[PDB]
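Coming up is one lone chain in structure tokens, specifically the form deposited in one PDB entry.
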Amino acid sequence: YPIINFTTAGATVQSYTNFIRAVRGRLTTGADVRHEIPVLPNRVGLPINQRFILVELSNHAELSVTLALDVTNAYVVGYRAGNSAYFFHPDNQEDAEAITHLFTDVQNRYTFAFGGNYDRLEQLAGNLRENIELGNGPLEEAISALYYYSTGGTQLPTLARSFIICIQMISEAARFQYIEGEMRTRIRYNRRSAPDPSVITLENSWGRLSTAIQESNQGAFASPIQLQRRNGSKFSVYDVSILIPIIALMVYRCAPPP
């Protein structure tokens, strides 16, 4: 699988931007664009040899970890640190079978009993997304926590918090220009802070937004979608026009109509 590298050591908003642009480039094929928003490959019929991309992360402490991203949803499926690989609990047999193709050469392959969705993860971390700081510092630390889990050095709640950081700074930023923008700002001013409601609501709504856009009538939604602004106030979306600058990739929901 293709590998994209990124280091938190001396990261700048430009190095982070380049990283996210490279991930998006590997994720989509340019074959399917809908109201100028690229659509991820449909899982049905997708060959396993084209099912994952790898993101190798390094930090100032010179530790590395490689995350595997599923090309159909841009989500993290597992990771490799040194000699061991860990995978989130597969939610179906095709998925269980596909992950056998990853990190085939590690000596210790483990599959968690829990999956990678936020609810499970927040529960294991004992904290919600709204209370977990994001930034280059939190990311640097996450890499070390992930790496030490392979050594008996990382407690479960820490591992879970670490995944929450990695998923939002990598997968969510790749899915939403808006979220990538929020990370860029944190890096520019070396700020670490938890995500505001606009970020959390977008993350929760990615799947619904994907379906609403793909099933829209010439871009008009049959029913509006309610999001929240940075200040916590609601905001209704009636059309795909206003999301063009916000959402970068969509999960495949249906074929495009004539």
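In this text, residue numbers run from 1 along the sequence as written.
Same protein, other form: the form deposited with a small molecule bound, not shown, and the subject of what follows.
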Check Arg80 for me: does it contact the small molecule in the deposited bound form (non-hydrogen atoms, 4.5 angstroms)? no
Given that the partner is absent here, does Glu172 sit within 4.5 Å of the small molecule in the deposited bound form, heavy atoms only? yes
How about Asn117 - does it come within 4.5 Å of the small molecule in the deposited bound form, if we only consider non-hydrogen atoms? yes
Can any non-hydrogen atom of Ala85 be found within 4.5 angstroms of the small molecule in the deposited bound form? no
Picking from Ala160, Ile132, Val76, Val106, the single residue whose non-hydrogen atoms come within 4.5 angstroms of the small molecule in the deposited bound form is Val76
